[PDB]
């Protein structure tokens, strides 16, 4: 039997699924540790590896990329879980190794690849404490080219009065995503700052794991794919909307929570964003 992770229902994805909107023909790139393409609950359409020692993008030695990918697009069938946009075209852009780290050069190569391959939506559930002109340029180019770029805000929690949002989430062109639990409370780990845009479920998220498994993970890494998935549903409904329009709609129809420094605009609601 298939189970629907709490987070999927919390952002109101099932309402669209019911209407026949599931992300068909929307190309979503998961820039992460790869995706196990052998998992029976995922369908990988393509991708590329930018990790010099791990050339197959379809082998996930970490487990993180696979878990993120399932939140976006675990298939609607009779097994496992259900993603936010189960009919999307999923691309594994491998830029992290088995240990979950990666060089900026690799990440940027992955972004360049996504632009050139006409991805509609980019998901980056990764972050570093420092930026670079090259990192900023790549994300800015993707947005200028019409791509929706979503990133995890970071797991740094609070720090006096400063922003703890990492890069690339800090860049204005990117949608920076913080995490809430099932009760809509901000997770204590979720990074904070004026750059935070939206929140999504990120505590104990059940998703796919390599080797035909399923398990829960917590983090703003788990939050970001709910938003990437959300963008894919919107585009399946409104194929001629620009990335700007998709983004404004998501931001403009959230359920407001606390202060923007901690919650951004609040929790996304895809049903309201889809008009």
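Numbering follows the first chain given and starts at 1.
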Between 159-167 and 78-86 (mean CA B-factor, as deposited), the higher: 159-167
Higher-B stretch (mean Cα B-factor, as the entry records it), 95-103 or 145-153: 95-103
245, 56, 224, 207, ranked by C-alpha B-factor: the highest one: 56
Member of 33, 236, 212, 220 with the greatest C-alpha B factor (per the PDB record): 212
Assigned third (lowest, middle, highest) for the C-alpha B factor of residue 268: lowest
Residue 240 - Cα temperature factor, lowest/middle/highest third of chain: highest
Where the record places residue 185 (Cα B-factor, split into thirds across the chain): middle
Chain third (lowest, middle, highest) by recorded CA B-factor, residue given as residue 118: highest
Third of the chain's Cα B-factor distribution that residue 137 belongs to, per the entry: middle
